[PDB]
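Reviewing the structure listed below.
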Amino acid sequence: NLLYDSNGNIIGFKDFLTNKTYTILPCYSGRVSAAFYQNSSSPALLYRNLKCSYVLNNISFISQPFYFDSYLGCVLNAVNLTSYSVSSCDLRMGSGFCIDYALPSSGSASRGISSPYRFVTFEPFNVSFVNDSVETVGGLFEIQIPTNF
Amino acid sequence: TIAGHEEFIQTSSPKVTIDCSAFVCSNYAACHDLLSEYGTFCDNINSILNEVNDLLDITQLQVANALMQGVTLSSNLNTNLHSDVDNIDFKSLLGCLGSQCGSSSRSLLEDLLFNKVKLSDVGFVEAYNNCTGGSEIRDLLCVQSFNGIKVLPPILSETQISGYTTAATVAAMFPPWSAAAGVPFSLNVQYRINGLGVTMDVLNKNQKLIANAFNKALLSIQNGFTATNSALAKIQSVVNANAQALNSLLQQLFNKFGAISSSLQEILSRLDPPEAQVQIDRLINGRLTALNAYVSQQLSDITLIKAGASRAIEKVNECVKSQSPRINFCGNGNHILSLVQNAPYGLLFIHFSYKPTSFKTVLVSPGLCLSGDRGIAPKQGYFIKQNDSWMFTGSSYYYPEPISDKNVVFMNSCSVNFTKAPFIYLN
Amino acid sequence: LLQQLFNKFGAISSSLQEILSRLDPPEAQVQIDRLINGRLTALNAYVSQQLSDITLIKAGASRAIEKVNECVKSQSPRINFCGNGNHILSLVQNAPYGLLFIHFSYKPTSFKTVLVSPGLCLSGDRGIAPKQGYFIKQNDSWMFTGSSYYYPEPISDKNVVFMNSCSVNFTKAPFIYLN
Amino acid sequence: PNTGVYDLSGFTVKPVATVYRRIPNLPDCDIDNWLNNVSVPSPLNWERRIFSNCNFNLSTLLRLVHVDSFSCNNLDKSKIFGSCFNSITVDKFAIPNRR
Amino acid sequence: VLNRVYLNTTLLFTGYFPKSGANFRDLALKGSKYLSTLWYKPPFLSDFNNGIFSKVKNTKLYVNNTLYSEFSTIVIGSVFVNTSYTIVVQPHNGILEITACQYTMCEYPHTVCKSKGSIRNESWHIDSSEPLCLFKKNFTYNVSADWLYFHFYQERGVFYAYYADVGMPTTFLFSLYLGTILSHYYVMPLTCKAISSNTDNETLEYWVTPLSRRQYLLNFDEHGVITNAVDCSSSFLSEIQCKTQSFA
Ligand SMILES: *[C@@H]1O[C@H](CO)[C@@H](O[C@@H]2O[C@H](CO)[C@@H](O)[C@H](O)[C@H]2NC(C)=O)[C@H](O)[C@H]1NC(C)=O
Ligand SMILES: *[C@@H]1O[C@H](CO)[C@@H](O[C@@H]2O[C@H](CO)[C@@H](O)[C@H](O)[C@H]2NC(C)=O)[C@H](O)[C@H]1NC(C)=O
Ligand SMILES: *[C@@H]1O[C@H](CO)[C@@H](O[C@@H]2O[C@H](CO)[C@@H](O)[C@H](O)[C@H]2NC(C)=O)[C@H](O)[C@H]1NC(C)=O
Ligand SMILES: *[C@@H]1O[C@H](CO)[C@@H](O[C@@H]2O[C@H](CO)[C@@H](O)[C@H](O)[C@H]2NC(C)=O)[C@H](O)[C@H]1NC(C)=O
Ligand SMILES: *[C@@H]1O[C@H](CO)[C@@H](O)[C@H](O)[C@H]1NC(C)=O
Ligand SMILES: *[C@@H]1O[C@H](CO)[C@@H](O)[C@H](O)[C@H]1NC(C)=O
Ligand SMILES: *[C@@H]1O[C@H](CO)[C@@H](O)[C@H](O)[C@H]1NC(C)=O
Ligand SMILES: *[C@@H]1O[C@H](CO)[C@@H](O)[C@H](O)[C@H]1NC(C)=O
Ligand SMILES: *[C@@H]1O[C@H](CO)[C@@H](O)[C@H](O)[C@H]1NC(C)=O
Ligand SMILES: *[C@@H]1O[C@H](CO)[C@@H](O)[C@H](O)[C@H]1NC(C)=O
Ligand SMILES: *[C@@H]1O[C@H](CO)[C@@H](O)[C@H](O)[C@H]1NC(C)=O
Ligand SMILES: *[C@@H]1O[C@H](CO)[C@@H](O)[C@H](O)[C@H]1NC(C)=O
Ligand SMILES: *[C@@H]1O[C@H](CO)[C@@H](O)[C@H](O)[C@H]1NC(C)=O
Ligand SMILES: *[C@@H]1O[C@H](CO)[C@@H](O)[C@H](O)[C@H]1NC(C)=O
Ligand SMILES: *[C@@H]1O[C@H](CO)[C@@H](O)[C@H](O)[C@H]1NC(C)=O
Ligand SMILES: *[C@@H]1O[C@H](CO)[C@@H](O)[C@H](O)[C@H]1NC(C)=O
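These protein sequence lines map, in sequence, to chains A, B, C, D and E. Numbering of the first sequence is given in the deposited numbering, commencing with residue 646 and proceeding in unit increments. Numbering of the second sequence is given in the deposited numbering, commencing with residue 795 and proceeding in unit increments. Numbering of the third sequence is given in the deposited numbering, commencing with residue 1043 and proceeding in unit increments. Numbering of the fourth sequence is given in the deposited numbering, commencing with residue 299 and proceeding in unit increments. Numbering of the fifth sequence is given in the deposited numbering, commencing with residue 51 and proceeding in unit increments.
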């Protein structure tokens, strides 16, 4: 009537009353990541590898107006701005993503109620670019030579 | 002909993070109350692992800085159009670059390497996404992460590292030539071959054989990751070592350490609070000991990984982006050049080299004493006697040529075991 | 490390003064043993951390000895070892727990667009290659320029390397017999 | 506190309900009828009964026999109350006075 | 194992097992008329220390194209008198009758094949008074089976019995508290008329090996059947197999 594994746990059973067979799985367990910038009233929160549907239905029932889904997991209390790129980051969330902080200023105080945390792209290194060709132009190559130093 | 071989150097490893009180005392409140009177034991373990992961991120940015230092690309560069220079096909080496592709790909050599390795950096993320259900029933990674053991992603994704190596490989091919000494790729090949003792007439007349030997070695590199490649065994040893360490750490939650049971559920359903404490204490001590030993081992392995990363940075600087006058540094002697590709937890270098095939036995002299009691010695070659005339040949290809001042180094005197050759006042 | 003298390690107190003023010698040993084991474990962990940091220190010190020997006291023909490329020289200063290296580098400011050639095919089907620089066409005549400063100048025997053949994509120029 | 990324302590999803299963209409163990049987054995030929597939409680068992002392070992008394076991073996004998 | 199922896995399990590389011993005896007294001697009257494992042949006699199953009965005990309890396992052509009573056992006992009866009468006890019995039960086995397998052991005053008629791994039959220690067993001679080589060429077989508590590595397949086992202390290959918890 009981199904075991080699470590000694019960992983399934068959009911004495109904002759129905079931398996057992454990309940979900995990932690939260908090990206916190100094002199703020709250952190931004990341639920790693979780959907926001699961987060709002099975984890927390408290008030959270801002939430979205990212490749890293569910982000609460931050703004989805991953079209904008940043080269120096002190809240680096993993796999190329950053949390930026920008409080609304005196004159740059947008009246729409948002979060000062943004979820942006981390990209530290770059190439230099030139506006010259990649092939021969009449046999000769186009190149950029210094004239002063 | 031109030979080629590949070599994997390991620059990182999976970043393990550990929830200490979740590992020791998973959900049970009496265990947590007992663990509170051990002081700062769990905070120290967390701090050591965070220091290790900071070191891993520093070395990752150093590798990425070596790949991108001083490279200037044309903004007209579009690798859906530009994948061939001088009859050498670099199509399987480049990912995507250009303002009309969207940098969201690997090269196919990277794809062959990254599909035989299941638990890469993106494999961990997409495996942990399936842990609300197991996606069939169950998985070992979900059991580990419910017991407080997770692998964190690195701070740069692997498509960014692939973009770095793509820009490095394409800086050698195209008219700024920031990685091929400011001269084109075939010209740089001919100069590095000519610097071994091979004359430039042979290399001007055998240009297509050089290109075809390059393409042949590249295609045999690509069709070679098949179950006996040593660099693939090098790559998979990293993943198997990480999996064995984490599974043997998870097996510590089923030792009794001298208690009556290895389960807190069983002790808390059979005993009283003054009697369950003595049994819970032994499980606490054994699990904290196992965590301490794991933390010491990770601390000693990060030093090996940093030594390997510094060697890989030196190879990118002095083998891939330039070519040193050091002999037997990259490759083995008769080394021509190197390329780099992104591998799981490291880099993969391709070394091209000169390879002789057939031979001829020559009688040679190292020096000629001319009349006036002067001397000449050959400049990377030997002196030979052909048809009773003295001639020069390079040391790595048999090709006689007239003795001129570009083959010799003069001396106002001459050595005693030079051969006397008074007939010589030639060109 | 000093904070470990206030952990209890599962005993009744973290002070030996309190334990030795409340208990008998047989009963106090059980409490003292937990403190002794926890403190020795904390010391062993500190020693492991120091053993691991001295390896990174030795690797960095060997890199500093290399840079003193081959960037300050002489200059090696390696590129990208000291500095970044376009590197000129280094000086060294003493810093707390290390050395401070000052690297000087050739930094270009303004640039120019030129059309260059990588090698010429002279009559007799001989070939010349430019020595660290390019062949440019100035006033419809071939000249040499170095790669890191634009300065046209005559094609001579000190700007080239000579070949008795010429490569297939080289530029044909019969009008050169010059010095 | 300083600017940083902080990993906070662990949550578990809280259990909504209880599933509770028992077998209905099982016999009574009648441990009191054998404990209060008339013929009492000596310690030399002590007696054993096995009780399985039944229903018991310790309240009626401890108020139907006249208890001097009820100690337990490797178990706690309050852990018996909602429990199920595979069997219960009950040995009984009379106690000599000096022993 | 008792009410557990294991599925596609290896398991390290300590139990009451035989020793890999030891010997069986065919203790079956057949007679027609005479009974030698050396048939009842300590070569054949063996020891029951922790238990026995035994492999039994089901001899299939035929009368009128109708099957008859037959093998030898076993008796377990300590002194085999009517002041101590003895266990008797006796087959009755598809019915296995197992009794634990205070028997008054005969000095030279035997049984008789019932399909083609023998010269003598079946005589292993004489008791018209129906003695005290701790246990009395009837089990049914597969008549068409070739091999039957039996585990018999003791532990802390309790006697345990496992059996199989389909396949080699056994399943639990019964347990019985005794409070004493059993110390001998004996397989009885089955006296028959037509079993030998001048008749239909049949044979009695009853092979016994001792049992002890030891650790095996077991292999459970997808339906939960034991398919392979290895004794962890029989060779060097088995040590590699148990320390790696692998069969290859
Ligand atoms: C579950 O399966 C068991 C099989 O063991 C069923 O028990 C059988 O019930 C029928 C009719 O009630 C009897 O004829 C059999 O003798 C029983 N078997 C045994 C071994 O006792 C049981 O009825 C099933 N339950 C349900 C709800 O279907
Ligand atoms: C108390 O125990 C004795 C045995 O020690 C019980 O006697 C049994 O009684 C039944 C009839 O009810 C007989 O069939 C048994 O054979 C008796 N056994 C013995 C060994 O004599 C007695 O019944 C018990 N008392 C009660 C109230 O049940
Ligand atoms: C505890 O056990 C006693 C028996 O020792 C149970 O008492 C029986 O209760 C049922 C109905 O509740 C009666 O029909 C029986 O006659 C009772 N027997 C005796 C000997 O008193 C009692 O029910 C049990 N407790 C609970 C909560 O069920
Ligand atoms: C087990 O089955 C056997 C065979 O069916 C039963 O043995 C027979 O029992 C009847 C009734 O007492 C006797 O008349 C026969 O002589 C017995 N046969 C033999 C060959 O001796 C036996 O009674 C059954 N056991 C139980 C406990 O019911
Ligand atoms: C911001 O934090 C700093 C801590 O370095 C503190 O000194 C300062 O007063 C804070 N500013 C405000 C406006 O709270
Ligand atoms: C965040 O913004 C990007 C770009 O605007 C978009 O592609 C992405 O879908 C957004 N995220 C969500 C959850 O909508
Ligand atoms: C390239 O990266 C650097 C990093 O400092 C950044 O400043 C620069 O703006 C980037 N280039 C472009 C075109 O965005
Ligand atoms: C520079 O590039 C832009 C497009 O990026 C192009 O329109 C322009 O003509 C280029 N300038 C020169 C001088 O070639
Ligand atoms: C180079 O720059 C310096 C400083 O700006 C200036 O004085 C000088 O005239 C420049 N030379 C040329 C050739 O442009
Ligand atoms: C020479 O250049 C042409 C383009 O001008 C190219 O098609 C050809 O492949 C080149 N050949 C070699 C050997 O470089
Ligand atoms: C996760 O599960 C989905 C469906 O359940 C499956 O398609 C996908 O391949 C799984 N991925 C991993 C890494 O297990
Ligand atoms: C058999 O066991 C292996 C263990 O690696 C497992 O992968 C496989 O799914 C199992 N087969 C079945 C039918 O359960
Ligand atoms: C077998 O068959 C014969 C002939 O029909 C009959 O005489 C005999 O009694 C049968 N045997 C038994 C045991 O009934
Ligand atoms: C066996 O018993 C029966 C009836 O008691 C009797 O007829 C027969 O002669 C007996 N056989 C022997 C050998 O005593
Ligand atoms: C066991 O019994 C069943 C049905 O009685 C039969 O199909 C099977 O063949 C028997 N086993 C053997 C080994 O004959
Ligand atoms: C028994 O075996 C012998 C082999 O020597 C054979 O000759 C005889 O016919 C067999 N008889 C039967 C009934 O199988």
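Even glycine gets a Cβ: it sits at the ideal position worked out from N, Cα and C.
Residue i - containing beta strand (DSSP E), residue span
i, result
"E/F200", "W197 to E205"
"B/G917", "Counting along the chain, B/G917 falls outside any beta strand (DSSP E), though it belongs to the alpha helix (DSSP H) covering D915 to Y922."
"E/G274", "That residue, E/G274, is in no beta strand (DSSP E); it is neither H nor E in DSSP."
"C/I1170", "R1168 to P1172"
"B/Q894", "Segment: none, B/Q894 is in no beta strand (DSSP E) and carries neither H nor E."
Beta-ladder partner(s) of residue i, from DSSP
i, result
"C/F1186", "C/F1177 and C/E1195"
"residue 50 of chain E", "Since the displayed chain E opens at 51 and closes at 298, residue 50 of chain E lies outside it and no answer follows."
"D/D389", "D/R346"
"B/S1132", "B/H1145"
"B/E801", "B/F1143"
"E/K293", "None; E/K293 has no bridge partner."
"C/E1112", "Its beta-bridge partners do not exist; DSSP assigns none."
"E/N269", "E/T60 and E/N278"
"B/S868", "A/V775"
"C/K1214", "C/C1163"
"E/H160", "E/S173"
Span of the alpha helix (DSSP H), counted from its first residue to its last, around residue i
i, result
"B/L1082", "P1067 to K1109"
"D/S357", "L356 to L362"
"B/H826", "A823 to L829"
"A/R763", "Element bounds for A/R763: not the alpha helix (DSSP H) but the beta strand (DSSP E), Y762 to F767."
"D/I329", "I329 to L333"
"A/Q789", "Run containing A/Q789: none in the alpha helix (DSSP H); it sits in the beta strand (DSSP E), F786 to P791."
- Please name the residues in the region 1137-1155 of chain C whose beta-carbon is closer than 7 Å to at least one beta-carbon of chain A, in chain order. For the region 1137-1155 of chain C, which is checked against every Cβ of chain A, the residues closer than 7 Å are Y1148, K1149, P1150, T1151, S1152, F1153, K1154 and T1155.
- May I ask you to list, following chain order, the residues of the region 664-682 of chain A that have a beta carbon less than 9 Å from some beta carbon of chain D? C672, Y673, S674, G675, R676, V677, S678, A679, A680, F681 and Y682
- Chain-ordered residues of the region 686-708 of chain A with a beta carbon less than 7 Å from chain B: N694 and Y699
- Message: Short of 7 Å Cβ to Cβ, which residues in the region 1068-1097 of chain C face chain A?
- Response: none
- In the region 778-792 of chain A, which residues sit with their C-beta less than 7 Å from some C-beta in chain B, listed in chain order? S778, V779, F786, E787 and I788
- Query: Counting only runs that start and end within the region 670-713 of chain A, where is the alpha helix (DSSP H) found for 4 or more residues in a row?
  - Reply: 697-703
- Closer than 8 Å, Cβ to any Cβ of chain C: which residues of the region 992-1011 of chain B, in chain order? Of all residues in the region 992-1011 of chain B, only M994, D995, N998, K999 and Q1001 come within less than 8 Å of chain C when Cβ atoms are compared, listed by chain position.
- Item | For review: beta carbons within less than 6 Å of any heavy atom in ligand 4 | E/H142, E/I145, E/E147, E/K186 and E/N188
- Message: Quick check on the contact list: which residues have their beta carbon closer than 5 Å to a heavy atom of ligand 7?
- Response: A/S732 and A/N771
- Query: For the region 959-973 of chain B, which residues have a CB atom closer than 7 Å to at least one CB atom of chain C, in sequence order?
  - Reply: none
- Item | For ligand 1, residues whose Cβ lies under 6 Å from any non-hydrogen atom | Going along the chain, the residues that qualify are A/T663 and A/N664.
- Nearest-residue set for ligand 9, Cβ under 7 Å from any heavy atom: A/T792, A/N793, C/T1151 and C/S1152
- Query: Listed by chain order, which residues have C-beta atoms less than 5 Å from any heavy atom of ligand 3?
  - Reply: D/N355 and D/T358
- Item | Check your reading: residues with Cβ closer than 7 Å to ligand 2 heavy atoms | D/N331, D/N335, D/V336 and D/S337
- Query: Where in the region 983-1051 of chain B do unbroken runs of the alpha helix (DSSP H), each at least 4 residues long, occur, reported from the N-terminal end onward?
  - Reply: 994-999, 1001-1016 and 1024-1044
- Task: Using the beta-carbon of each residue, find all residues closer than 5 Å to any heavy atom of ligand 15 and list them in chain order.
- Result: The filter returns E/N192, E/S194 and E/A195, in chain order.
- Item | Under 7 Å (Cβ pairs) to chain D, residues found in the region 730-754 of chain A | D735 and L736
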